[PDB]
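Student: What follows is the file run.pdb, containing PDB, C-alpha atoms and all ligand atoms:
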ATOM      1  CA  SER K   5       0.000   0.000   0.000
ATOM      2  CA  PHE K   6       2.999   2.384  -0.162
ATOM      3  CA  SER K   7       2.778   4.628  -3.251
ATOM      4  CA  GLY K   8       4.825   7.259  -5.036
ATOM      5  CA  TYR K   9       8.189   6.123  -3.656
ATOM      6  CA  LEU K  10      11.452   6.494  -5.612
ATOM      7  CA  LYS K  11      13.354   3.161  -5.707
ATOM      8  CA  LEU K  12      16.977   3.708  -4.480
ATOM      9  CA  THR K  13      18.098   0.052  -4.139
ATOM     10  CA  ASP K  14      16.570  -3.497  -4.179
ATOM     11  CA  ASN K  15      15.062  -2.837  -0.698
ATOM     12  CA  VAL K  16      15.266   0.961   0.012
ATOM     13  CA  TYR K  17      12.581   3.405  -1.217
ATOM     14  CA  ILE K  18      12.245   7.147  -0.506
ATOM     15  CA  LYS K  19       9.553   9.857  -0.671
ATOM     16  CA  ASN K  20       9.252  13.546   0.288
ATOM     17  CA  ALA K  21       6.457  13.186   2.845
ATOM     18  CA  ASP K  22       5.218  14.012   6.349
ATOM     19  CA  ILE K  23       5.656  10.637   8.176
ATOM     20  CA  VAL K  24       2.513  11.318  10.313
ATOM     21  CA  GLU K  25       0.331  11.821   7.233
ATOM     22  CA  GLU K  26       1.959   8.858   5.480
ATOM     23  CA  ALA K  27       1.337   6.612   8.547
ATOM     24  CA  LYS K  28      -2.336   7.698   8.752
ATOM     25  CA  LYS K  29      -2.841   6.878   5.081
ATOM     26  CA  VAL K  30      -0.960   3.603   4.799
ATOM     27  CA  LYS K  31      -1.531   2.243   8.355
ATOM     28  CA  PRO K  32       1.686   0.178   8.038
ATOM     29  CA  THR K  33       2.580  -2.854  10.155
ATOM     30  CA  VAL K  34       5.548  -0.891  11.595
ATOM     31  CA  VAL K  35       6.288   2.820  11.816
ATOM     32  CA  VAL K  36       9.762   3.780  13.125
ATOM     33  CA  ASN K  37      10.059   6.575  15.712
ATOM     34  CA  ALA K  38      13.285   8.664  16.035
ATOM     35  CA  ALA K  39      13.394   8.121  19.779
ATOM     36  CA  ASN K  40      15.702   9.116  22.662
ATOM     37  CA  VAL K  41      16.789   6.694  25.487
ATOM     38  CA  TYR K  42      14.085   8.073  27.795
ATOM     39  CA  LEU K  43      11.216   7.781  25.209
ATOM     40  CA  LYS K  44      10.476  11.499  25.839
ATOM     41  CA  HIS K  45       8.730  12.417  22.601
ATOM     42  CA  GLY K  46       9.085  16.214  22.672
ATOM     43  CA  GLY K  47      10.139  17.405  19.216
ATOM     44  CA  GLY K  48      11.088  16.307  15.704
ATOM     45  CA  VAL K  49       9.571  13.104  14.397
ATOM     46  CA  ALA K  50       8.895  11.814  17.944
ATOM     47  CA  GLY K  51       6.944  14.899  18.996
ATOM     48  CA  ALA K  52       4.926  14.849  15.789
ATOM     49  CA  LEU K  53       4.092  11.090  16.046
ATOM     50  CA  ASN K  54       3.139  11.411  19.741
ATOM     51  CA  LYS K  55       0.871  14.463  19.053
ATOM     52  CA  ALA K  56      -0.953  12.435  16.359
ATOM     53  CA  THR K  57      -1.720   9.747  18.977
ATOM     54  CA  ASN K  58      -3.243  12.380  21.315
ATOM     55  CA  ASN K  59      -0.308  11.687  23.766
ATOM     56  CA  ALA K  60      -1.240   7.944  24.077
ATOM     57  CA  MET K  61       2.318   7.094  22.782
ATOM     58  CA  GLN K  62       3.856   9.130  25.664
ATOM     59  CA  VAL K  63       1.609   7.487  28.309
ATOM     60  CA  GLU K  64       2.545   4.017  27.049
ATOM     61  CA  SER K  65       6.261   4.992  26.840
ATOM     62  CA  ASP K  66       6.334   6.320  30.414
ATOM     63  CA  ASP K  67       4.904   2.972  31.720
ATOM     64  CA  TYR K  68       7.566   1.135  29.592
ATOM     65  CA  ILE K  69      10.435   3.203  31.081
ATOM     66  CA  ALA K  70       9.054   2.865  34.645
ATOM     67  CA  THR K  71       9.247  -0.955  34.230
ATOM     68  CA  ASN K  72      12.389  -1.383  32.125
ATOM     69  CA  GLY K  73      14.588   1.701  32.484
ATOM     70  CA  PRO K  74      16.034   3.621  29.542
ATOM     71  CA  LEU K  75      17.029   2.186  26.188
ATOM     72  CA  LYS K  76      20.660   2.096  24.985
ATOM     73  CA  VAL K  77      21.834   4.545  22.249
ATOM     74  CA  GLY K  78      21.664   2.233  19.157
ATOM     75  CA  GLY K  79      18.851   0.186  20.760
ATOM     76  CA  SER K  80      15.129  -0.150  20.228
ATOM     77  CA  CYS K  81      11.833  -1.394  21.624
ATOM     78  CA  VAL K  82       8.543  -2.422  20.029
ATOM     79  CA  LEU K  83       5.399  -0.686  21.404
ATOM     80  CA  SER K  84       1.855  -0.020  20.028
ATOM     81  CA  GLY K  85       1.438   2.011  16.843
ATOM     82  CA  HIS K  86      -1.891   3.419  18.240
ATOM     83  CA  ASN K  87      -3.900   5.040  15.388
ATOM     84  CA  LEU K  88      -0.825   5.278  13.072
ATOM     85  CA  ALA K  89       0.363   1.697  12.584
ATOM     86  CA  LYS K  90       0.092  -1.847  14.130
ATOM     87  CA  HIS K  91       3.436  -1.309  15.951
ATOM     88  CA  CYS K  92       5.927   1.485  16.579
ATOM     89  CA  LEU K  93       9.603   0.511  16.586
ATOM     90  CA  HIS K  94      11.211   3.170  18.790
ATOM     91  CA  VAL K  95      14.851   3.360  17.601
ATOM     92  CA  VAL K  96      17.568   5.469  19.285
ATOM     93  CA  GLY K  97      20.096   6.883  16.848
ATOM     94  CA  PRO K  98      23.111   8.794  18.270
ATOM     95  CA  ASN K  99      22.399  12.482  18.971
ATOM     96  CA  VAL K 100      25.528  14.359  17.846
ATOM     97  CA  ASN K 101      24.152  17.602  19.512
ATOM     98  CA  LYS K 102      24.060  15.785  22.863
ATOM     99  CA  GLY K 103      27.617  14.368  22.259
ATOM    100  CA  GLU K 104      26.928  10.756  21.206
ATOM    101  CA  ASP K 105      29.061   8.427  19.075
ATOM    102  CA  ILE K 106      28.113   8.586  15.316
ATOM    103  CA  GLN K 107      29.478   4.979  14.861
ATOM    104  CA  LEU K 108      26.380   3.836  16.799
ATOM    105  CA  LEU K 109      24.252   4.792  13.748
ATOM    106  CA  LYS K 110      24.946   1.407  12.077
ATOM    107  CA  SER K 111      23.810  -0.428  15.298
ATOM    108  CA  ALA K 112      20.626   1.699  15.287
ATOM    109  CA  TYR K 113      19.742   0.747  11.675
ATOM    110  CA  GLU K 114      20.366  -2.960  12.496
ATOM    111  CA  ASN K 115      17.134  -2.897  14.529
ATOM    112  CA  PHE K 116      15.189  -2.535  11.227
ATOM    113  CA  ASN K 117      16.354  -6.019  10.116
ATOM    114  CA  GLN K 118      13.999  -7.662  12.652
ATOM    115  CA  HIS K 119      10.942  -6.406  10.611
ATOM    116  CA  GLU K 120      10.022  -7.392   7.027
ATOM    117  CA  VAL K 121       8.711  -3.985   6.020
ATOM    118  CA  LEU K 122       8.851  -0.574   7.732
ATOM    119  CA  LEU K 123       7.840   3.085   7.238
ATOM    120  CA  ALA K 124      10.758   5.149   8.688
ATOM    121  CA  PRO K 125      12.587   8.461   8.936
ATOM    122  CA  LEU K 126      16.401   8.810   8.397
ATOM    123  CA  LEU K 127      18.010   8.165  11.816
ATOM    124  CA  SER K 128      20.100  10.821  13.613
ATOM    125  CA  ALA K 129      19.088  13.487  11.064
ATOM    126  CA  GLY K 130      17.181  16.770  11.898
ATOM    127  CA  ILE K 131      17.493  17.836  15.508
ATOM    128  CA  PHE K 132      19.785  14.815  16.231
ATOM    129  CA  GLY K 133      22.524  16.757  14.349
ATOM    130  CA  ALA K 134      24.066  14.174  11.995
ATOM    131  CA  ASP K 135      24.557  14.565   8.217
ATOM    132  CA  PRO K 136      21.447  13.123   6.482
ATOM    133  CA  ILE K 137      23.556  12.102   3.412
ATOM    134  CA  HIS K 138      25.664   9.946   5.781
ATOM    135  CA  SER K 139      22.509   8.563   7.449
ATOM    136  CA  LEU K 140      21.035   7.465   4.036
ATOM    137  CA  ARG K 141      24.347   5.782   3.117
ATOM    138  CA  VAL K 142      24.440   3.804   6.410
ATOM    139  CA  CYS K 143      20.757   2.904   5.940
ATOM    140  CA  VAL K 144      21.297   1.450   2.416
ATOM    141  CA  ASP K 145      24.469  -0.423   3.533
ATOM    142  CA  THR K 146      22.881  -1.897   6.733
ATOM    143  CA  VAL K 147      19.122  -2.555   6.280
ATOM    144  CA  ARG K 148      18.289  -5.751   4.242
ATOM    145  CA  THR K 149      14.502  -5.634   4.881
ATOM    146  CA  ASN K 150      12.044  -3.404   2.904
ATOM    147  CA  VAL K 151      12.315   0.173   4.174
ATOM    148  CA  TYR K 152      10.149   3.097   2.985
ATOM    149  CA  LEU K 153      11.834   6.391   3.994
ATOM    150  CA  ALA K 154       9.758   9.526   4.559
ATOM    151  CA  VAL K 155      11.802  12.781   4.249
ATOM    152  CA  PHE K 156       9.852  15.797   5.571
ATOM    153  CA  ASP K 157      11.977  18.531   3.869
ATOM    154  CA  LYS K 158      11.608  18.928   0.033
ATOM    155  CA  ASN K 159      14.991  20.616  -0.373
ATOM    156  CA  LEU K 160      16.744  17.881   1.676
ATOM    157  CA  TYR K 161      14.885  15.187  -0.315
ATOM    158  CA  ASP K 162      16.145  16.694  -3.612
ATOM    159  CA  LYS K 163      19.732  16.863  -2.247
ATOM    160  CA  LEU K 164      19.574  13.207  -1.042
ATOM    161  CA  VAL K 165      18.359  11.927  -4.416
ATOM    162  CA  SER K 166      20.837  14.058  -6.453
ATOM    163  CA  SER K 167      23.844  12.988  -4.390
ATOM    164  CA  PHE K 168      22.944   9.275  -3.913
TER     165      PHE K 168
HETATM  166  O1  LIG K 201      11.922  14.089   8.246
HETATM  167  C1  LIG K 201      13.096  13.997   8.511
HETATM  168  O2  LIG K 201      14.005  13.712   7.596
HETATM  169  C2  LIG K 201      13.645  14.238   9.899
HETATM  170  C3  LIG K 201      13.279  15.642  10.441
HETATM  171  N1  LIG K 201      11.830  15.708  10.636
HETATM  172  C4  LIG K 201      11.278  16.358  11.675
HETATM  173  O3  LIG K 201      11.960  16.851  12.561
HETATM  174  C5  LIG K 201       9.790  16.488  11.693
HETATM  175  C6  LIG K 201       9.207  17.465  12.501
HETATM  176  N2  LIG K 201       7.891  17.727  12.577
HETATM  177  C7  LIG K 201       7.133  16.936  11.816
HETATM  178  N3  LIG K 201       5.775  17.013  11.696
HETATM  179  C8  LIG K 201       5.360  15.993  10.871
HETATM  180  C9  LIG K 201       6.429  15.284  10.419
HETATM  181  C10 LIG K 201       7.588  15.869  11.000
HETATM  182  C11 LIG K 201       8.960  15.667  10.934
HETATM  183  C12 LIG K 201      13.845  16.747   9.558
HETATM  184  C13 LIG K 201      15.193  16.742   9.216
HETATM  185  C14 LIG K 201      15.753  17.775   8.485
HETATM  186  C15 LIG K 201      14.954  18.824   8.078
HETATM  187 BR1  LIG K 201      15.726  20.279   7.119
HETATM  188  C16 LIG K 201      13.604  18.836   8.365
HETATM  189  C17 LIG K 201      13.058  17.792   9.099
END
Have the structure of the file written as structure tokens, please.
Tutor:
Amino acid sequence: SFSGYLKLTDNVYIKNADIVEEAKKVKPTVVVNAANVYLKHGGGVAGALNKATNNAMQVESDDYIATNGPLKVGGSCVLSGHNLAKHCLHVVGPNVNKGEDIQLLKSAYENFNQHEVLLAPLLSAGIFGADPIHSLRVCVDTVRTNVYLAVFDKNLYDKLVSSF
């Protein structure tokens, strides 16, 4: 049910789209959230996904952290997708603005390999401070499952396609 995606490789597809609107339309099995270790969904992709669930994602995440403690940078957990998807794979890419190791980006993308098909953003991009061109390269060289990337910014989308 994904449509209008540009094929980059055998298993990586990309589209200039708002990931919230794309999730509401497609209702995929898995939507990836650009999470932090605390599952505090304040801004960026995480804030936008949580707002679309009417804060139900935050309530569920706070119960998860109270039981399990924080995730690792490069780690993930599977929670409900609420009204946006069957499941949400919360994945923690390194946040370069908070001083985290960029080599953990490959570990973060490895979490996608546990799911046959996913709707996802580029990890560690945007407010996480990493170079999105680097993030797309690690994605294509690490994920073997079918990933549909939603890039919110039109100008960044055009730069990613032109330089791929
Ligand atoms: O989409 C991405 O590639 C990641 C990131 N997106 C958001 O922060 C983001 C924020 N608010 C949102 N409301 C609905 C979707 C949505 C996404 C981003 C990165 C670089 C630039 Br320039 C712009 C946006």
Student: Using all atoms listed in the file, which residues have at least one atom no more than 9 Å from ligand LIG 201 (chain K)? Output them as JSON, numbers by chain.
Tutor: {"K": [20, 21, 22, 23, 24, 25, 38, 47, 48, 49, 50, 51, 52, 53, 125, 126, 127, 128, 129, 130, 131, 132, 133, 136, 153, 154, 155, 156, 157, 158, 159, 160, 161]}
Student: Write a file of the selected residues as a short mmCIF file (atom, residue, chain, number, x, y, z; two decimals), in the frame of the given file, keeping C-alpha atoms.
Tutor:
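Result file out-v5.cif:
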data_model
loop_
_atom_site.label_atom_id
_atom_site.label_comp_id
_atom_site.auth_asym_id
_atom_site.auth_seq_id
_atom_site.Cartn_x
_atom_site.Cartn_y
_atom_site.Cartn_z
CA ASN K 20 9.25 13.55 0.29
CA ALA K 21 6.46 13.19 2.84
CA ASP K 22 5.22 14.01 6.35
CA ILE K 23 5.66 10.64 8.18
CA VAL K 24 2.51 11.32 10.31
CA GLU K 25 0.33 11.82 7.23
CA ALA K 38 13.28 8.66 16.04
CA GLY K 47 10.14 17.40 19.22
CA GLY K 48 11.09 16.31 15.70
CA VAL K 49 9.57 13.10 14.40
CA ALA K 50 8.90 11.81 17.94
CA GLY K 51 6.94 14.90 19.00
CA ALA K 52 4.93 14.85 15.79
CA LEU K 53 4.09 11.09 16.05
CA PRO K 125 12.59 8.46 8.94
CA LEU K 126 16.40 8.81 8.40
CA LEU K 127 18.01 8.16 11.82
CA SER K 128 20.10 10.82 13.61
CA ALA K 129 19.09 13.49 11.06
CA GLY K 130 17.18 16.77 11.90
CA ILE K 131 17.49 17.84 15.51
CA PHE K 132 19.78 14.82 16.23
CA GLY K 133 22.52 16.76 14.35
CA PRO K 136 21.45 13.12 6.48
CA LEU K 153 11.83 6.39 3.99
CA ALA K 154 9.76 9.53 4.56
CA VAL K 155 11.80 12.78 4.25
CA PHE K 156 9.85 15.80 5.57
CA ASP K 157 11.98 18.53 3.87
CA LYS K 158 11.61 18.93 0.03
CA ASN K 159 14.99 20.62 -0.37
CA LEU K 160 16.74 17.88 1.68
CA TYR K 161 14.88 15.19 -0.32
#
Student: Counting all atoms listed in the file, which of K:59, K:65, K:139, K:15 gets nearest to residue 107 in chain K?
Tutor: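 Nearest candidate to residue 107 in chain K out of K:59, K:65, K:139, K:15: K:139.
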Student: Report as number ranges by chain all protein, DNA and RNA residues lying within 8 Å of residue 28 in chain K, evaluated on only C-alpha atoms, omitting residues in the same chain fewer than 4 positions from it.
Tutor: K: 24, 87-89
Student: Those same residues, written as a PDB file, in the coordinates of the input with C-alpha atoms?
Tutor:
ATOM      1  CA  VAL K  24       2.513  11.318  10.313  1.00  0.00           C
ATOM      2  CA  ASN K  87      -3.900   5.040  15.388  1.00  0.00           C
ATOM      3  CA  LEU K  88      -0.825   5.278  13.072  1.00  0.00           C
ATOM      4  CA  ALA K  89       0.363   1.697  12.584  1.00  0.00           C
TER       5      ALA K  89
END
Student: For the atom pair CA of residue 32 in chain K and CA of residue 100 in chain K, what is the interatomic distance in Å to one decimal place?
Tutor: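 About the pair CA of residue 32 in chain K and CA of residue 100 in chain K: they are 29.4 Å apart.
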Student: Apply the PyMOL selection byres (((chain K and resi 16) around 10) and not hetatm) to the structure shown and report the selected residues as a list in words.
Tutor: residues 9, 10, 11, 12, 13, 14, 15, 17, 18, 140, 143, 144, 145, 147, 148, 149, 150, 151, 152 and 153 of chain K
Student: One decimal, Å: what's the distance from CA of residue 112 in chain K over to CA of residue 124 in chain K, could you say?
Tutor: 12.4 Å
